[PDB]
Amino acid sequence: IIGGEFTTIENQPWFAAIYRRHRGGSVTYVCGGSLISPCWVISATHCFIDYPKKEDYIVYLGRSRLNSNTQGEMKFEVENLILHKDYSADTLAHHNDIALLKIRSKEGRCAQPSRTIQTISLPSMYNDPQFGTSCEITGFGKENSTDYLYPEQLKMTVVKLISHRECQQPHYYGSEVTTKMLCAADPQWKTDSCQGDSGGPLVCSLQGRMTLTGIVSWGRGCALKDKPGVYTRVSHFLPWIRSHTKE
């Protein structure tokens, strides 16, 4: 996250921190995700497509810090790693950039909710806030494009939804942005998602309810004028989510 503020997991209790194990025993941060039910975290396919082996992954919930423990945090293996079969990537745009991780503790259990571990609601079908709505993003992504390490402490910021018409101007992203995506940005271009925030939540208040409206997906640079952050539009993937969270 460029700009915004440091935060703690109690403020974003659906946030999931996803890591990958390496030969030799090092663990690196991969991407964020969001708890959508006790057993299921939703994230972005581009985070996993090169290392699709579910055994390589560790998911934390209730975790506020990147490389140290948070009281109440819980650790999970990935029982099933589901990538979108229609995922693809062009020069800039990622398409169908959405994934599901079925989580389970080493004892075989799903998440137990607590003050620091909570589910976030899905939107209803094609139900999105109006453009100009303020929504929040959360992540362990870069604080500056020149950074080469992620921050140690979770961050959040607030961005506004941008219309498709604005986002599809040739000098923005033109037709690279589709109906299955949502753009959001800071009106002054000072705060944004960045590398490392992929897979994390774009949360908006929809009809009085905190809703997973988007998933951090792509964009050109970080907090660059006329280049919004682009998000998977969750409300256009409900049948996919429904079907893969079953058998």
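Position 1 is the first residue in the sequence shown; the rest follow in order.
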| item | value |
| --- | --- |
| Higher-B stretch (mean Cα B-factor, as the entry records it), 2-10 or 238-246 | 238-246 |
| Stretch exceeding the other in mean C-alpha B-factor - 213-221, 177-185 | 177-185 |
| Residue selected from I82, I137, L154, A89 by maximal Cα B factor | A89 |
| Which of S193, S34, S68, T45 ranks first by CA B-factor in the deposited coordinates | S68 |
| Chain-wide C-alpha B factor ranking for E143, given as lowest, middle or highest third | lowest |
| Third assignment of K106 from its chain's C-alpha B-factors | highest |
| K160, C-alpha B-factor rank within chain (lowest, middle or highest third) | lowest |
| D128 - Cα temperature factor, lowest/middle/highest third of chain | highest |
| Third of chain Cα B-factors occupied by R20 | middle |
